[PDB]
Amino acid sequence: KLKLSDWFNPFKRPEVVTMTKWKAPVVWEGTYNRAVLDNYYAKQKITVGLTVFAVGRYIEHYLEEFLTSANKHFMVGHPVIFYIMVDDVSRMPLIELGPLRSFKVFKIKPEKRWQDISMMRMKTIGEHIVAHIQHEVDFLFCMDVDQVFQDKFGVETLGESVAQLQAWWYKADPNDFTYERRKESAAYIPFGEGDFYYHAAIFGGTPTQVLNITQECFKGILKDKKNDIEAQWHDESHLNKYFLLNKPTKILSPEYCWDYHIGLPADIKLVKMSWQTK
């Protein structure tokens, strides 16, 4: 059916990494033919899902900007369902959605520690994949709420398993990655090992793969807590361990999740999504 040559040309971005040793593309602005993919996926009649959690003061503020920008830039041309997880549903703001967009809201019990809020996402996402999302969408993205779409974030990002390159580390040496380095943690990665440092603010894939991502991360979170240890960067450490062992079939460049606090080097041609201030 579809082959990499049909839509992806790595040679259009020669100054950056565009392919991995396991044959996965790194999608940079200029390398992809979105028109070919729009037509390809429209034939298939796909629906894309997007989960976001919002707890505490995050609820009304970031969520409005996130959803407003998402409705504007996320997978335009194809049906989308927004899955919104909140602790108090009263905080859910009213965002008018465009054609073929809808949403569902669920009330979640907020955890005590800010670290468990972020990590408990993994369990909750898996539960809703089994309960309904596996029957509602063909691809699924899970995103932090404290970020904002800036340009088209389209079907060029879809794949079996999708990882995001952390903007601060994509040109760094693996020995400088902030992996979990304690052998006692399930997320342990030795020095000299690792392909990239992936950002936990964006990951996706088919519901099947996302279930495995979130189930395996959650089990590592669980094993760690039972040994009274918490990974350096919590779920992100476990996600990086997971993608080390289970290579993503597609990687998104830092253009798809950029921190302007870095600046704007020549590598970043067109930002599709940017961090919010932390």
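So that there is no doubt, residue numbering starts at 1 and follows the sequence shown. Heads up, when I say rigid core I mean the largest set of C-alphas that superpose within 1.5 Å between the two forms.
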After a rigid core fit, does 112-120 or 184-192 show more C-alpha displacement in 5 other deposited structures of this protein? 112-120
Output the stretch, either 122-130 or 88-96, that has more C-alpha displacement from this form in 5 other deposited structures of this protein following superposition by the rigid core. 88-96
Comparing 243-251 with 35-43, the higher average Cα temperature factor in the PDB entry belongs to 35-43
Ranked by mean Cα B-factor in the entry, 188-196 and 172-180, top stretch is 172-180
Which one, 50, 229, 70, 213, has the peak C-alpha temperature factor per the PDB entry? 229
By the entry's values, the third containing the CA B factor of residue 54 is the highest
Of the three thirds of its chain by CA temperature factor, lowest, middle or highest, which one includes residue 27? middle
Entry-reported Cα temperature factor of residue 115, expressed as the chain third it lands in: highest
Against its chain's modelled residues, does residue 107's Cα B factor rank lowest, middle or highest third? highest
Report the third (lowest, middle or highest) to which the CA temperature factor of residue 130 belongs, ranking only the modelled residues of the same chain. lowest
